[PDB]
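Source file: upload.txt (compact mmCIF, N, CA and C atoms)
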# COMPACT_ATOMS: atom_id res chain seq x y z
N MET A 1 0.86 -1.22 0.00
CA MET A 1 0.00 0.00 0.00
C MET A 1 0.88 1.25 0.00
N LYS A 2 0.39 2.33 -0.53
CA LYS A 2 1.19 3.58 -0.56
C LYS A 2 1.24 4.18 0.85
N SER A 3 0.11 4.54 1.39
CA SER A 3 0.09 5.12 2.77
C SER A 3 -1.14 4.59 3.51
N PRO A 4 -0.97 4.31 4.78
CA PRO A 4 -2.07 3.79 5.62
C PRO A 4 -3.19 4.83 5.74
N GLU A 5 -2.84 6.08 5.86
CA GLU A 5 -3.88 7.14 5.99
C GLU A 5 -4.40 7.54 4.61
N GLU A 6 -4.29 6.70 3.63
CA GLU A 6 -4.79 7.08 2.28
C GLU A 6 -6.32 7.14 2.29
N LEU A 7 -6.93 6.78 3.39
CA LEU A 7 -8.42 6.80 3.47
C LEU A 7 -8.90 8.19 3.81
N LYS A 8 -8.27 8.85 4.71
CA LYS A 8 -8.71 10.21 5.04
C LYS A 8 -8.78 11.05 3.76
N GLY A 9 -7.95 10.74 2.79
CA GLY A 9 -7.93 11.53 1.53
C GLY A 9 -9.02 11.05 0.56
N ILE A 10 -10.25 11.40 0.82
CA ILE A 10 -11.36 10.99 -0.08
C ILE A 10 -12.67 11.33 0.61
N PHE A 11 -13.05 10.51 1.55
CA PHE A 11 -14.32 10.77 2.29
C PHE A 11 -14.44 12.25 2.60
N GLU A 12 -13.61 12.72 3.48
CA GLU A 12 -13.64 14.15 3.89
C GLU A 12 -13.91 15.05 2.67
N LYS A 13 -13.29 14.79 1.55
CA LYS A 13 -13.55 15.66 0.36
C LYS A 13 -15.02 15.49 -0.06
N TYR A 14 -15.48 14.27 -0.10
CA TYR A 14 -16.89 14.02 -0.51
C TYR A 14 -17.85 14.57 0.54
N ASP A 15 -17.33 15.17 1.57
CA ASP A 15 -18.18 15.77 2.61
C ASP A 15 -18.53 17.19 2.16
N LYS A 16 -18.93 17.34 0.92
CA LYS A 16 -19.27 18.69 0.39
C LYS A 16 -20.68 19.10 0.84
N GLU A 17 -21.07 18.77 2.04
CA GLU A 17 -22.42 19.16 2.53
C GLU A 17 -22.26 19.99 3.81
N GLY A 18 -21.35 19.60 4.66
CA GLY A 18 -21.12 20.36 5.92
C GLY A 18 -21.86 19.69 7.08
N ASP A 19 -21.78 18.39 7.19
CA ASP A 19 -22.49 17.71 8.31
C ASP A 19 -21.55 16.76 9.06
N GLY A 20 -20.30 16.68 8.66
CA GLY A 20 -19.35 15.77 9.36
C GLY A 20 -19.42 14.38 8.73
N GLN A 21 -20.58 13.98 8.31
CA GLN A 21 -20.74 12.64 7.69
C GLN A 21 -21.44 12.79 6.33
N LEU A 22 -21.82 11.70 5.72
CA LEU A 22 -22.46 11.80 4.38
C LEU A 22 -23.85 11.21 4.36
N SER A 23 -24.79 11.91 3.82
CA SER A 23 -26.09 11.26 3.61
C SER A 23 -25.79 10.43 2.37
N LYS A 24 -26.50 9.41 2.01
CA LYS A 24 -26.04 8.68 0.80
C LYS A 24 -25.81 9.64 -0.37
N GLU A 25 -26.35 10.82 -0.31
CA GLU A 25 -26.13 11.79 -1.43
C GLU A 25 -24.62 11.96 -1.64
N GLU A 26 -23.87 12.08 -0.57
CA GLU A 26 -22.40 12.26 -0.69
C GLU A 26 -21.67 10.90 -0.73
N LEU A 27 -22.28 9.84 -0.26
CA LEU A 27 -21.57 8.52 -0.28
C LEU A 27 -21.69 7.88 -1.67
N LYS A 28 -22.88 7.59 -2.13
CA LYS A 28 -23.04 6.96 -3.48
C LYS A 28 -22.08 7.62 -4.47
N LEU A 29 -21.71 8.84 -4.23
CA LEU A 29 -20.77 9.55 -5.15
C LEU A 29 -19.34 9.09 -4.87
N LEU A 30 -18.97 9.05 -3.62
CA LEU A 30 -17.59 8.63 -3.25
C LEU A 30 -17.34 7.19 -3.72
N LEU A 31 -18.34 6.35 -3.68
CA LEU A 31 -18.15 4.96 -4.11
C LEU A 31 -17.93 4.93 -5.62
N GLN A 32 -18.73 5.64 -6.37
CA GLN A 32 -18.53 5.65 -7.84
C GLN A 32 -17.41 6.63 -8.19
N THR A 33 -16.76 6.42 -9.31
CA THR A 33 -15.65 7.34 -9.73
C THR A 33 -14.31 6.90 -9.10
N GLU A 34 -14.18 7.01 -7.81
CA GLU A 34 -12.89 6.63 -7.16
C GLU A 34 -12.94 5.18 -6.65
N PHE A 35 -14.07 4.76 -6.15
CA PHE A 35 -14.17 3.36 -5.63
C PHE A 35 -15.20 2.58 -6.44
N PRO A 36 -14.94 2.41 -7.71
CA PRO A 36 -15.86 1.68 -8.62
C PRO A 36 -15.85 0.19 -8.31
N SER A 37 -14.68 -0.38 -8.22
CA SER A 37 -14.56 -1.83 -7.98
C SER A 37 -15.62 -2.30 -6.98
N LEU A 38 -15.89 -1.54 -5.96
CA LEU A 38 -16.92 -1.98 -4.97
C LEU A 38 -18.31 -1.63 -5.51
N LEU A 39 -18.52 -0.41 -5.93
CA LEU A 39 -19.85 -0.02 -6.47
C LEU A 39 -19.87 -0.27 -7.98
N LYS A 40 -19.22 -1.31 -8.42
CA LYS A 40 -19.19 -1.62 -9.88
C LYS A 40 -19.79 -3.01 -10.10
N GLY A 41 -21.04 -3.18 -9.77
CA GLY A 41 -21.69 -4.51 -9.94
C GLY A 41 -22.46 -4.86 -8.67
N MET A 42 -21.77 -4.90 -7.55
CA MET A 42 -22.45 -5.22 -6.27
C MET A 42 -22.44 -3.97 -5.39
N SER A 43 -22.95 -4.05 -4.19
CA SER A 43 -22.96 -2.85 -3.31
C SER A 43 -23.59 -1.68 -4.08
N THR A 44 -24.88 -1.71 -4.29
CA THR A 44 -25.55 -0.64 -5.06
C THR A 44 -26.24 0.37 -4.15
N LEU A 45 -26.13 1.63 -4.48
CA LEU A 45 -26.81 2.72 -3.69
C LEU A 45 -27.13 2.30 -2.24
N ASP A 46 -28.22 1.60 -2.03
CA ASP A 46 -28.61 1.18 -0.65
C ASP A 46 -27.91 -0.10 -0.27
N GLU A 47 -26.75 -0.27 -0.75
CA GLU A 47 -25.99 -1.47 -0.50
C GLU A 47 -24.54 -1.04 -0.38
N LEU A 48 -24.30 -0.27 0.61
CA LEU A 48 -22.96 0.29 0.89
C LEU A 48 -23.17 1.31 2.00
N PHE A 49 -24.25 2.05 1.91
CA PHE A 49 -24.57 3.02 2.99
C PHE A 49 -25.23 2.23 4.11
N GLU A 50 -26.20 1.46 3.75
CA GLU A 50 -26.91 0.63 4.76
C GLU A 50 -26.10 -0.64 5.02
N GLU A 51 -25.32 -1.03 4.06
CA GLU A 51 -24.50 -2.26 4.18
C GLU A 51 -23.48 -2.18 5.31
N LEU A 52 -22.97 -1.02 5.64
CA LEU A 52 -21.93 -0.98 6.67
C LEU A 52 -22.15 0.17 7.65
N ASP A 53 -23.02 1.08 7.37
CA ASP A 53 -23.15 2.22 8.32
C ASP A 53 -24.54 2.44 8.87
N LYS A 54 -25.50 1.74 8.40
CA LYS A 54 -26.86 1.97 8.88
C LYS A 54 -27.14 1.33 10.23
N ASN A 55 -26.55 1.84 11.28
CA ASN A 55 -26.91 1.32 12.61
C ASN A 55 -28.24 1.99 12.96
N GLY A 56 -28.73 2.82 12.05
CA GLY A 56 -30.03 3.53 12.25
C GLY A 56 -29.79 5.02 12.46
N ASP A 57 -29.11 5.68 11.55
CA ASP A 57 -28.89 7.13 11.72
C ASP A 57 -28.78 7.84 10.37
N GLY A 58 -29.43 7.30 9.37
CA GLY A 58 -29.43 7.90 8.00
C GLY A 58 -28.13 8.67 7.72
N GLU A 59 -27.02 8.26 8.27
CA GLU A 59 -25.75 9.02 8.00
C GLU A 59 -24.52 8.11 8.10
N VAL A 60 -23.45 8.52 7.47
CA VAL A 60 -22.18 7.74 7.50
C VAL A 60 -21.00 8.69 7.65
N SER A 61 -20.51 8.83 8.83
CA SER A 61 -19.35 9.75 9.07
C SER A 61 -18.05 9.09 8.57
N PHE A 62 -16.92 9.63 8.95
CA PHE A 62 -15.61 9.06 8.52
C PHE A 62 -15.25 7.83 9.35
N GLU A 63 -15.45 7.85 10.65
CA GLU A 63 -15.07 6.63 11.43
C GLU A 63 -16.16 5.55 11.27
N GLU A 64 -17.38 5.89 10.98
CA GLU A 64 -18.34 4.79 10.70
C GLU A 64 -17.82 4.20 9.39
N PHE A 65 -17.44 5.12 8.55
CA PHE A 65 -16.81 4.87 7.23
C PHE A 65 -15.36 4.41 7.45
N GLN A 66 -14.88 4.56 8.63
CA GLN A 66 -13.49 4.20 8.91
C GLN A 66 -13.19 2.87 8.28
N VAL A 67 -13.55 1.86 8.95
CA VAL A 67 -13.32 0.49 8.43
C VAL A 67 -13.85 0.39 7.01
N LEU A 68 -14.71 1.28 6.63
CA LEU A 68 -15.24 1.28 5.24
C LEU A 68 -14.08 1.18 4.27
N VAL A 69 -13.20 2.11 4.37
CA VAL A 69 -12.01 2.12 3.47
C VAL A 69 -11.26 0.79 3.57
N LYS A 70 -11.09 0.27 4.76
CA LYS A 70 -10.36 -1.03 4.91
C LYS A 70 -11.22 -2.15 4.34
N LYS A 71 -12.49 -1.93 4.22
CA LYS A 71 -13.40 -2.96 3.66
C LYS A 71 -13.26 -2.93 2.14
N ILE A 72 -12.80 -1.82 1.62
CA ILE A 72 -12.61 -1.68 0.16
C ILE A 72 -11.25 -2.27 -0.23
N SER A 73 -10.93 -3.41 0.31
CA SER A 73 -9.62 -4.06 0.00
C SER A 73 -9.51 -5.36 0.79
N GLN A 74 -8.32 -5.84 1.01
CA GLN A 74 -8.17 -7.10 1.79
C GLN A 74 -8.89 -6.95 3.13
Would you write the structure of this file as structure tokens?
Amino acid sequence: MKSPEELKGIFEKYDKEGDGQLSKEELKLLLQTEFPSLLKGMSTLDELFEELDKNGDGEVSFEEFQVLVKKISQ
């Protein structure tokens, strides 16, 4: 891997709303374009936001998303 903190460089940018986390409006976007391999066939719209962050808060911050980035790989 290039850098372990390579995850902070993405989510935070897709946080173009100003809420600390992403409503799927900002997530479905982060998955497509930069993280296609995951949102490229499986894990569709409601299958990535609810798949790993829906503990019941219609939102996905960076640390809920934390392991998210690690889930996008081994």
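The two atoms in question, atom CA of residue A:42 and atom CA of residue A:18, are spaced 28.4 Å apart.
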Item to check | Surrounding residues of residue A:61 excluding itself and chain neighbours under 4 positions, 6 Å, only N, CA and C atoms, as a ChimeraX atom specification | outcome: /A:20-22,65-66
Checklist entry - Could you list as a VMD selection string every residue that has an atom within 6 Å of (-9.3, 2.3, 1.3), using the file's coordinates and counting only N, CA and C atoms? => result chain A and resid 6 to 7 68 to 70 72
Checklist entry - Distance atom CA of residue A:5-atom CA of residue A:56, one decimal place? => result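 Separation between atom CA of residue A:5 and atom CA of residue A:56: 27.1 Å.
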Item to check | Shortest interatomic distance to residue A:49 - which of A:24, A:67, A:17, A:1, counting all atoms listed in the file | outcome: A:24
Checklist entry - Counting only C-alpha atoms, which of A:25, A:64, A:19, A:12 gets nearest to residue A:46? => result A:25
Checklist entry - When distances are computed from only N, CA and C atoms, which of A:55, A:43, A:30, A:50 shows the smallest separation from residue A:13? => result A:30
Can you save stretch 4-21 of chain A of the given block to a file, including N, CA, C and O atoms and formatted as a PDB file, in the first residue's frame?
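Below is the file out-v8.pdb, written as the result:
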ATOM      1  N   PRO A   4      -0.975   4.308   4.777  1.00  0.00           N
ATOM      2  CA  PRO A   4      -2.071   3.789   5.616  1.00  0.00           C
ATOM      3  C   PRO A   4      -3.193   4.826   5.736  1.00  0.00           C
ATOM      4  O   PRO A   4      -4.361   4.495   5.723  1.00  0.00           O
ATOM      5  N   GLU A   5      -2.845   6.079   5.861  1.00  0.00           N
ATOM      6  CA  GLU A   5      -3.880   7.139   5.992  1.00  0.00           C
ATOM      7  C   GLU A   5      -4.402   7.542   4.613  1.00  0.00           C
ATOM      8  O   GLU A   5      -4.911   8.622   4.440  1.00  0.00           O
ATOM      9  N   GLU A   6      -4.285   6.699   3.627  1.00  0.00           N
ATOM     10  CA  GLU A   6      -4.787   7.084   2.281  1.00  0.00           C
ATOM     11  C   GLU A   6      -6.322   7.138   2.290  1.00  0.00           C
ATOM     12  O   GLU A   6      -6.947   7.497   1.312  1.00  0.00           O
ATOM     13  N   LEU A   7      -6.929   6.780   3.388  1.00  0.00           N
ATOM     14  CA  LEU A   7      -8.422   6.796   3.472  1.00  0.00           C
ATOM     15  C   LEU A   7      -8.905   8.190   3.810  1.00  0.00           C
ATOM     16  O   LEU A   7      -9.854   8.673   3.247  1.00  0.00           O
ATOM     17  N   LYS A   8      -8.271   8.850   4.713  1.00  0.00           N
ATOM     18  CA  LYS A   8      -8.713  10.210   5.045  1.00  0.00           C
ATOM     19  C   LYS A   8      -8.781  11.045   3.756  1.00  0.00           C
ATOM     20  O   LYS A   8      -9.559  11.973   3.645  1.00  0.00           O
ATOM     21  N   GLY A   9      -7.946  10.740   2.795  1.00  0.00           N
ATOM     22  CA  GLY A   9      -7.928  11.530   1.527  1.00  0.00           C
ATOM     23  C   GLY A   9      -9.018  11.053   0.560  1.00  0.00           C
ATOM     24  O   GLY A   9      -8.745  10.393  -0.421  1.00  0.00           O
ATOM     25  N   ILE A  10     -10.247  11.401   0.822  1.00  0.00           N
ATOM     26  CA  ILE A  10     -11.359  10.994  -0.080  1.00  0.00           C
ATOM     27  C   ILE A  10     -12.668  11.326   0.613  1.00  0.00           C
ATOM     28  O   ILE A  10     -13.309  12.305   0.314  1.00  0.00           O
ATOM     29  N   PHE A  11     -13.052  10.514   1.546  1.00  0.00           N
ATOM     30  CA  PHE A  11     -14.320  10.770   2.293  1.00  0.00           C
ATOM     31  C   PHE A  11     -14.443  12.254   2.604  1.00  0.00           C
ATOM     32  O   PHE A  11     -15.284  12.956   2.083  1.00  0.00           O
ATOM     33  N   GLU A  12     -13.606  12.717   3.482  1.00  0.00           N
ATOM     34  CA  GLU A  12     -13.639  14.150   3.885  1.00  0.00           C
ATOM     35  C   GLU A  12     -13.911  15.046   2.672  1.00  0.00           C
ATOM     36  O   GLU A  12     -14.690  15.975   2.751  1.00  0.00           O
ATOM     37  N   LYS A  13     -13.289  14.792   1.547  1.00  0.00           N
ATOM     38  CA  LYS A  13     -13.554  15.660   0.362  1.00  0.00           C
ATOM     39  C   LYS A  13     -15.016  15.491  -0.058  1.00  0.00           C
ATOM     40  O   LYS A  13     -15.708  16.447  -0.347  1.00  0.00           O
ATOM     41  N   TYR A  14     -15.485  14.273  -0.101  1.00  0.00           N
ATOM     42  CA  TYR A  14     -16.894  14.019  -0.507  1.00  0.00           C
ATOM     43  C   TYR A  14     -17.850  14.575   0.542  1.00  0.00           C
ATOM     44  O   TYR A  14     -19.053  14.487   0.406  1.00  0.00           O
ATOM     45  N   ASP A  15     -17.326  15.173   1.575  1.00  0.00           N
ATOM     46  CA  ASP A  15     -18.181  15.768   2.612  1.00  0.00           C
ATOM     47  C   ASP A  15     -18.532  17.186   2.159  1.00  0.00           C
ATOM     48  O   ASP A  15     -18.421  18.135   2.910  1.00  0.00           O
ATOM     49  N   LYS A  16     -18.931  17.336   0.919  1.00  0.00           N
ATOM     50  CA  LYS A  16     -19.271  18.688   0.388  1.00  0.00           C
ATOM     51  C   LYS A  16     -20.681  19.102   0.840  1.00  0.00           C
ATOM     52  O   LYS A  16     -21.415  19.726   0.099  1.00  0.00           O
ATOM     53  N   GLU A  17     -21.066  18.774   2.045  1.00  0.00           N
ATOM     54  CA  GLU A  17     -22.419  19.162   2.531  1.00  0.00           C
ATOM     55  C   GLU A  17     -22.264  19.986   3.810  1.00  0.00           C
ATOM     56  O   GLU A  17     -22.956  20.962   4.023  1.00  0.00           O
ATOM     57  N   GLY A  18     -21.347  19.605   4.659  1.00  0.00           N
ATOM     58  CA  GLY A  18     -21.124  20.361   5.916  1.00  0.00           C
ATOM     59  C   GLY A  18     -21.863  19.693   7.078  1.00  0.00           C
ATOM     60  O   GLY A  18     -22.507  20.352   7.871  1.00  0.00           O
ATOM     61  N   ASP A  19     -21.784  18.393   7.192  1.00  0.00           N
ATOM     62  CA  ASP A  19     -22.495  17.709   8.312  1.00  0.00           C
ATOM     63  C   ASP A  19     -21.546  16.759   9.061  1.00  0.00           C
ATOM     64  O   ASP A  19     -21.941  16.095   9.998  1.00  0.00           O
ATOM     65  N   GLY A  20     -20.302  16.682   8.663  1.00  0.00           N
ATOM     66  CA  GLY A  20     -19.347  15.772   9.361  1.00  0.00           C
ATOM     67  C   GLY A  20     -19.417  14.382   8.730  1.00  0.00           C
ATOM     68  O   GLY A  20     -18.431  13.680   8.633  1.00  0.00           O
ATOM     69  N   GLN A  21     -20.581  13.979   8.306  1.00  0.00           N
ATOM     70  CA  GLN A  21     -20.740  12.642   7.690  1.00  0.00           C
ATOM     71  C   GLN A  21     -21.439  12.788   6.333  1.00  0.00           C
ATOM     72  O   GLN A  21     -21.596  13.882   5.827  1.00  0.00           O
TER      73      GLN A  21
END
